[PDB]
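Form deposited without the ligand, single chain, as structure tokens, below.
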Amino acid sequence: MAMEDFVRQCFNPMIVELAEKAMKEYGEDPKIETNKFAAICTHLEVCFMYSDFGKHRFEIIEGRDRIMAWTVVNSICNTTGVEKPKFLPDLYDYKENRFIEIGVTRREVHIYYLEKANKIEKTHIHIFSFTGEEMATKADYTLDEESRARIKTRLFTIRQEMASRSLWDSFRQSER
């Protein structure tokens, strides 16, 4: 309940609506799976932030319905030649001409990185934590230092807000 209020109070309403929709399409109640709700919001926000700090360098795939995501991915592949992924990535980088998978973890960045790399094949991976750590494919961080730094500050602030409201301990030990 406190976690549900936190989410509504600290994410802009478009992120909340997107996260909510996603969950109840797949039979998940955001009032029950409150840690999941908050993680979905958090990840979505990072994806939007990462896109925004780009002229139009990044195409946003996360946050669309699957029809549109797959329409976007299909369209990108036919006009670039880049191999088509098996899972929907998060962004396309039109400068580096590669898909990006964004991860946001409350565990060690190397652990989650492995877990994503294993789950994927030419998709660039960029992991962020709530501690100001990141790990990215070939240590290529894609973004400039200021953009990365704004993302990390936002993540650390979510963490501390949660901790203000005694939600961090639950959120940290849970898993999306």
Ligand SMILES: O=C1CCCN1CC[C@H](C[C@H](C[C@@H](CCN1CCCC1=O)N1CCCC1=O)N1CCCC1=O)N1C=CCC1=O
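In case it trips you up, residue 1 is the first one in the sequence shown, and so on.
The same protein also has a form deposited with the ligand bound, omitted here; what follows describes it.
| message | At 2.4 angstroms from backbone or C-beta atoms, do at least 3 atoms of the ligand clash after superposing the site C-alphas onto the pose in the deposited bound form, making the site blocked, or is it open? | response | Check passed, pocket reads open.
| How about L167: is it within 4.5 Å of the ligand in the deposited bound form, going by heavy atoms? | No, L167 is distant from the partner.
| query | Applying a 4.5 Å heavy atom distance criterion, does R57 contact the ligand in the deposited bound form? | reply | Heavy-atom contact with the ligand at 4.5 Å: absent for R57.
| field | the ligand contact at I15 in the deposited bound form, heavy atom, 4.5 Å | value | Residue-level check for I15: yes, a contact with the ligand.
| message | Check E62 for me: does it contact the ligand in the deposited bound form (non-hydrogen atoms, 4.5 angstroms)? | response | Residue-level check for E62: yes, a contact with the ligand.
| request: Answer with one of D140, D52, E121, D144: the residue that has a non-hydrogen atom within 4.5 Å of the ligand in the deposited bound form. | output: Checked against the cut-off, the match is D52.
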